[PDB]
Amino acid sequence: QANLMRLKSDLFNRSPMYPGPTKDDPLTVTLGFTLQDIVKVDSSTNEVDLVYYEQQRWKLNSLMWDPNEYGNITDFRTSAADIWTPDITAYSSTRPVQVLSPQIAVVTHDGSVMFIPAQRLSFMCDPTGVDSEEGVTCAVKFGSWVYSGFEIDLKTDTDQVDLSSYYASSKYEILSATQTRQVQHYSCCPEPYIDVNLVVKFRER
Amino acid sequence: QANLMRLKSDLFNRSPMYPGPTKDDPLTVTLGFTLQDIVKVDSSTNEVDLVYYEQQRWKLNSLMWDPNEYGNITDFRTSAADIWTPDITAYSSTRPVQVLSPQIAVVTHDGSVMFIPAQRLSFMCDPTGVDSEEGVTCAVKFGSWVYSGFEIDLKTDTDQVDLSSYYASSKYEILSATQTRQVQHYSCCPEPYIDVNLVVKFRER
Amino acid sequence: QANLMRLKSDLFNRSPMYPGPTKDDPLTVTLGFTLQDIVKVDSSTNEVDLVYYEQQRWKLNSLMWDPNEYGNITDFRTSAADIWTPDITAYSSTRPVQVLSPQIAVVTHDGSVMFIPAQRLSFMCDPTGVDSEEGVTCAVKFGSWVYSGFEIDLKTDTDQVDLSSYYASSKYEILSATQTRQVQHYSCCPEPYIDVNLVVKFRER
Amino acid sequence: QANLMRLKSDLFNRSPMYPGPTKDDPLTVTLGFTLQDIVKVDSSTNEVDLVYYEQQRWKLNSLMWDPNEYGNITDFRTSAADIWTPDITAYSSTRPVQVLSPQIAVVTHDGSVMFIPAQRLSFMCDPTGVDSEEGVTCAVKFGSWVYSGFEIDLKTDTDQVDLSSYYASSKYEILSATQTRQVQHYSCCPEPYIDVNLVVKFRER
Amino acid sequence: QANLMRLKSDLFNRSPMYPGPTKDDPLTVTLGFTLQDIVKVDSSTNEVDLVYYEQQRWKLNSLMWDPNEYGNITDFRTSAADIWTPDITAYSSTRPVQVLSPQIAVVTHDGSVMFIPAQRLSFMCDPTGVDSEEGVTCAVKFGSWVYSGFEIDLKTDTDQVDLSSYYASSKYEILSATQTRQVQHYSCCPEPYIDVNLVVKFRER
Ligand SMILES: Cc1cc(C)nc(/C(N)=N/c2nc(-c3ccccn3)cc3ccccc23)n1
Ligand SMILES: Cc1cc(C)nc(/C(N)=N/c2nc(-c3ccccn3)cc3ccccc23)n1
Ligand SMILES: Cc1cc(C)nc(/C(N)=N/c2nc(-c3ccccn3)cc3ccccc23)n1
Ligand SMILES: Cc1cc(C)nc(/C(N)=N/c2nc(-c3ccccn3)cc3ccccc23)n1
Ligand SMILES: Cc1cc(C)nc(/C(N)=N/c2nc(-c3ccccn3)cc3ccccc23)n1
Ligand SMILES: Cc1cc(C)nc(/C(N)=N/c2nc(-c3ccccn3)cc3ccccc23)n1
Ligand SMILES: Cc1cc(C)nc(/C(N)=N/c2nc(-c3ccccn3)cc3ccccc23)n1
Ligand SMILES: Cc1cc(C)nc(/C(N)=N/c2nc(-c3ccccn3)cc3ccccc23)n1
Ligand SMILES: Cc1cc(C)nc(/C(N)=N/c2nc(-c3ccccn3)cc3ccccc23)n1
Ligand SMILES: Cc1cc(C)nc(/C(N)=N/c2nc(-c3ccccn3)cc3ccccc23)n1
Ligand SMILES: Cc1cc(C)nc(/C(N)=N/c2nc(-c3ccccn3)cc3ccccc23)n1
Ligand SMILES: Cc1cc(C)nc(/C(N)=N/c2nc(-c3ccccn3)cc3ccccc23)n1
Ligand SMILES: Cc1cc(C)nc(/C(N)=N/c2nc(-c3ccccn3)cc3ccccc23)n1
Ligand SMILES: Cc1cc(C)nc(/C(N)=N/c2nc(-c3ccccn3)cc3ccccc23)n1
């Protein structure tokens with residue numbers, strides 16, 4: 001592990017702190033959602049609770065290295081606190097997000113970072129009609145809180161939310177779940193605003 | 001990039017910690033509220049829960065720089081923990097405020113700082129009459145906890161609360177929402193006390 | 001702010017940490033309560049919830065300075081963590097106190113410190129009779145947890161609790177609210193124990 | 001306070017961190033309980049909530065000093081975070097313990113330390129029969145989580161569980177309370193395992 | 001105590017931070033569960049709460065020492081924060097795990113580390129049939145969040161969950177409780193993925 005210690009030392013100790021993206025050096029964050037369970041619906045406050053994992057991927061030149069210079073190390077694990085991470089936020093939460101997984105990322109020699117936090121989110125949704133056959137739809141937008149599209153571009157690898165881990169005995173079954181990039185401009189202002197819309201149609205099982 | 005790292009280093013590492021405003025060097029904080037949702041009303045304890053964003057703006061000379069000296073950088077993002085922030089507080093909360101957004105601010109070359117925390121607040125309100133057509137009104141004052149008007153002056157850019165992001169399917173519809181600066185004096189003391197009164201009239205949809 | 005930075009540097013960096021009061025160097029803390037709201041009563045667990053602010057005042061010689069030596073600065077604000085604060089505690093709480101205000105204190109050139117934390121407290125009270133006209137009384141003692149009267153003396157500026165901010169549309173109306181210093185001596189021990197008894201008589205409005 | 005500052009500096013800054021007790025240098029921790037209130041009983045989950053103070057005493061040679069060398073100071077108060085504390089744990093809690101008091105300890109020149117945290121504990125208890133005259137008994141064991149009796153010896157000081165502060169208007173009255181040391185040996189192993197059993201018989205008042 | 005201070009200084013201060021396991025230097029973590037109580041079942045959200053201890057064991061060469069070089073010290077206790085710990089996570093939790101015990105580990109001269117955190121976990125389980133004689137089964141998988149089987153190998157010392165500490169008066173009795181290692185290979189990828197499946201069959205007592 002001499003090499004791994006050296007690599008991490010070189011990237012984090014013997015280097016200045018990365019100050020985040022800018023208009024001159026933008027970055028693309030790829031988002032994907034894996035939905036585990038709709039745990040709870042509150043029809044008296046219009047709040048729905050969702051447990052899901054949020055795959056985040058991005059690439060920084062300042063996290064690149066040549067494996068040949070570090071004993072053929074091609075990737076490593078590190079605390080998410082040791083590196084810059086994007087400020088992706090649910091735009092319609094009603095409680096602080098609860099983190100269900102360790103805050104550790106994987107960094108690869110090409111400078112890519114993968115970070116998959118598991119979370120429980122309460123967000124605004126009217127569940128009226130959930131008890132019917134057609135079910136009910138709601139949506140929650142995710143995006144940067146402080147960075148516009150000039151600094152952080154969002155995208156997805158697919159529009160289909162991963163349902164392969166959805167709890168088989170959930171009180172609610174997922175009829176449909178998509179994740180879609182949206183770009184909006186406003187007339188006042190030059191900068192685009194980008195978000196990913198997670199739209200889920202579900203009903204009582 | 002190199003310039004942004006140098007700029008931040010110069011402003012935060014190679015400079016002393018700003019000790020807050022004083023009577024000799026006062027500052028103006030501009031507040032605006034964007035109301036997302038009246039989530040919940042408890043008629044048995046007279047508490048209402050509100051999700052909103054609070055736009056805060058102010059300007060410090062010690063955060064000024066000349067863009068020409070730093071590769072034409074006109075603004076940057078930084079953790080709210082790295083800079084001084086005003087102690088704006090709801091005066092009639094009944095629980096600690098829950099923060100729903102990343103604590104990151106934007107700092108501009110003229111020394112202006114923008115910080116828009118999303119929050120959920122429980123505050124004192126009697127919701128009696130909410131189920132009627134005329135609805136119900138309540139109010140909450142915001143202001144500095146420890147600074148008088150000689151140190152921190154508050155103001156608003158408008159008296160109208162921004163309702164453009166209010167949840168369309170909330171259990172409650174906003175009939176009216178204003179934000180107004182008030183100045184008060186006490187007999188003992190020469191210094192004015194300033195707050196912003198957020199007043200919201202709402203009812204069941 | 002050059003002077004304020006120098007003053008704070010001189011008082012906190014270029015000085016040893018104040019180790020708290022002792023029998024040889026005692027101190028007096030003045031307490032006053034402002035009661036905002038009796039938020040909740042639980043008659044099935046005998047717990048009452050109170051929102052209030054607790055004004056605390058004391059004076060330390062080691063926080064004195066001459067204004068003429070520091071650009072006529074007569075006072076400043078500082079984080080409550082930077083200074084010693086007294087360990088005043090409710091003696092009959094049933095949950096951790098929730099802090100509703102920034103932890104910032106005001107220090108004046110004579111060495112006086114003001115600190116006014118807003119708090120929500122759950123404490124032991126049997127609310128039986130609250131629904132009647134005569135109402136119900138209960139009480140909670142506040143005092144130091146670790147210091148006797150030889151080290152920390154408590155007092156009040158008045159026996160009347162400040163009710164001027166009591167929520168007009170609270171579910172409960174305050175018939176009476178007092179704050180009284182009490183001394184107790186024990187046979188074993190020479191040192192007195194001091195507390196302030198907050199007594200509140202209230203009923204359903 | 002020059003001497004107190006020097007004493008604390010000498011004991012904590014100019015000294016290495018105490019690494020905890022060992023078989024060669026064992027430690028006795030005395031425990032005593034003061035029961036304030038049985039706040040709540042949940043007969044649907046078999047959980048009972050208790051508010052109490054837990055007096056903890058022990059002695060470290062590395063906290064000794066000669067009063068003559070420090071202006072006749074015989075004791076002082078300090079944050080519990082500044083000193084080693086024993087890992088005494090309730091063995092049958094169902095929630096994290098809630099601390100209701102300041103975390104401050106008293107250290108005396110002979111190296112003794114007193115620490116009396118106030119706590120609310122949820123622990124496993126079947127309250128069936130609590131509504132009858134005979135009441136119900138349950139118990140909670142306290143002991144070190146990682147130290148055997150070769151490193152930490154537990155004991156109790158007073159005869160009795162202190163009921164002198166028990167809330168007079170609690171929903172539950174204490175019929176009886178004991179605290180007793182228990183020592184267990186296993187065939188495999190030479191080292192004894194020690195706990196203190198708090199046993200409380202109570203009923204509805 | 002001189003030796004223990006020296007040993008700890010040598011292992012933690014005068015040694016580089018262990019960067020975690022890799023494919024070249026893998027690690028085996030042994031897991032065992034002790035189940036204390038099924039505290040709660042929510043049939044309306046399909047969540048079950050478990051209080052249990054999770055015994056974790058592993059071995060690092062960089063924590064080895066020769067007892068003869070350190071006054072025959074064969075083991076010591078240290079804060080879990082001072083050492084690397086594995087990122088073992090419940091894969092179907094619905095809330096953050098609550099820690100019920102001190103975060104302290106035991107390190108032995110052969111470089112083995114024992115860490116037994118007590119925890120309360122909420123996880124996904126349909127309790128339908130719990131009130132019948134046959135009872136109900138559910139399961140939760142534990143494993144590394146970021147490490148594959150090439151870096152962290154999991155195993156158990158026994159398939160039987162330790163029920164010797166199960167609360168005798170729990171609302172639920174355990175009919176059966178097992179812990180089993182499972183290996184999954186995927187077609188895309190050479191690396192195995194490993195978890196331990198805790199399966200519990202229980203019913204109302
Ligand atoms: C739910 C959500 C989430 C996020 C990240 N932003 C906004 C928002 N309204 N943003 C803004 N809203 C406005 C705005 C909104 C209404 C009227 C005028 N301006 C202006 C802005 C200018 C710069 C940056 C953002 C805004 N809303
Ligand atoms: C230079 C800059 C940078 C950033 C990150 N935001 C804003 C801005 N105005 N933001 C917002 N502005 C407003 C806004 C602005 C004017 C009037 C009403 N609302 C609302 C928002 C709501 C959510 C998030 C942001 C805003 N401006
Ligand atoms: C909820 C809130 C928030 C803030 C920032 N201040 C106050 C307040 N009462 N301030 C004062 N209140 C009083 C006061 C209040 C009641 C009765 C008599 N005096 C006197 C003051 C004198 C000088 C400065 C302030 C006060 N209250
Ligand atoms: C919430 C809040 C915030 C702040 C900053 N001050 C106060 C306050 N009461 N201040 C004072 N309050 C009183 C006061 C308050 C109640 C009754 C009598 N006097 C007197 C004062 C005298 C000099 C300076 C301040 C006060 N309250
Ligand atoms: C969910 C979401 C996320 C983000 C990042 N922005 C917005 C938004 N409405 N933004 C803005 N919204 C408005 C707006 C929205 C409604 C009516 C009038 N103006 C104006 C803006 C002007 C400048 C910048 C942003 C806005 N909404
Ligand atoms: C609710 C409360 C709050 C505080 C601050 N102290 C005490 C208390 N009992 N203190 C003491 N209680 C006793 C005590 C209590 C019961 C029986 C015998 N002794 C002895 C003490 C000796 C020195 C200092 C304190 C005590 N109780
Ligand atoms: C030298 C010294 C200094 C201080 C600050 N306290 C005590 C002490 N015994 N305190 C307490 N002692 C007891 C106590 C002591 C003996 C038997 C039963 N209870 C209870 C307490 C409850 C709350 C606070 C303190 C105590 N002793
Ligand atoms: C509630 C509680 C609290 C504490 C501090 N320890 C234990 C415990 N079971 N400990 C042990 N339990 C066992 C054990 C338990 C069941 C079956 C076989 N072995 C072995 C041990 C070996 C060394 C040290 C401890 C144990 N239980
Ligand atoms: C050298 C050492 C030091 C310490 C502190 N514990 C243990 C140990 N085996 N502990 C335990 N071992 C077991 C255990 C061991 C074997 C089989 C089943 N259970 C259970 C425990 C439960 C609670 C606490 C400890 C244990 N060993
Ligand atoms: C609310 C409160 C606050 C404080 C500071 N002390 C006490 C208390 N009971 N103290 C004591 N109570 C007793 C006590 C109480 C009942 C029976 C016998 N002794 C003895 C003490 C001896 C020394 C110091 C204190 C006590 N109670
Ligand atoms: C509950 C849980 C816990 C953990 C630790 N991982 C996963 C998971 N799905 N992992 C992965 N899932 C996929 C995956 C899942 C669905 C469809 C396609 N790919 C790919 C992966 C590639 C590398 C590493 C992990 C995965 N799920
Ligand atoms: C190099 C590396 C390291 C680690 C720790 N994870 C992954 C990974 N792909 N993970 C996952 N990958 C996917 C995934 C990957 C590709 C396509 C679809 N899904 C889904 C996941 C769901 C839950 C947890 C993890 C994943 N990759
Ligand atoms: C409540 C409690 C508290 C403590 C501190 N230890 C234990 C315990 N069972 N310890 C052990 N328990 C067992 C055990 C317990 C039940 C059945 C079989 N073996 C074996 C052990 C072997 C070595 C060391 C400890 C144990 N239990
Ligand atoms: C519960 C759990 C735990 C862990 C550690 N992994 C996985 C998982 N599905 N992993 C993967 N799942 C898939 C997957 C799963 C469903 C459908 C298609 N692909 C693909 C993967 C490819 C590479 C690595 C992992 C996966 N699931």
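Quick note on labels: first sequence line is chain A, next is B, and so on, each numbered from 1. Counting starts at 1 for both ligands and their atoms, following the listed order.
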For ligand 9, output the ligand-protein N/O contacts shorter than 3.5 angstrom; if there are none, return none.
unit_1, atom_1, unit_2, atom_2, d
ligand 9, 12 (N), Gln55(E), OE1, 3.0

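Residue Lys155(C) qualifies as enclosed at atom NZ: its count of foreign heavy atoms under 6.0 Å is above 12.
A salt bridge links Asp75(E) to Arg77(E): one of the charged nitrogens lies within less than 4.0 Å of a carboxylate oxygen.
Side-chain contact between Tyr53(E) and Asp162(E): absent, with no pair of heavy atoms (C-beta onward) separated by less than 4.5 Å.
Here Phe142(C) and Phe33(C) bring their ring centres to under 6.0 angstrom of each other.
At least one donor-acceptor pair under 3.5 Å links the side chain of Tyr91(B) to the backbone N or O of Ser144(B).
Applying the side chain to side chain donor-acceptor pair (under 3.5 Å) criterion to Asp37(A), with sequence neighbours excluded, gives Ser170(A).
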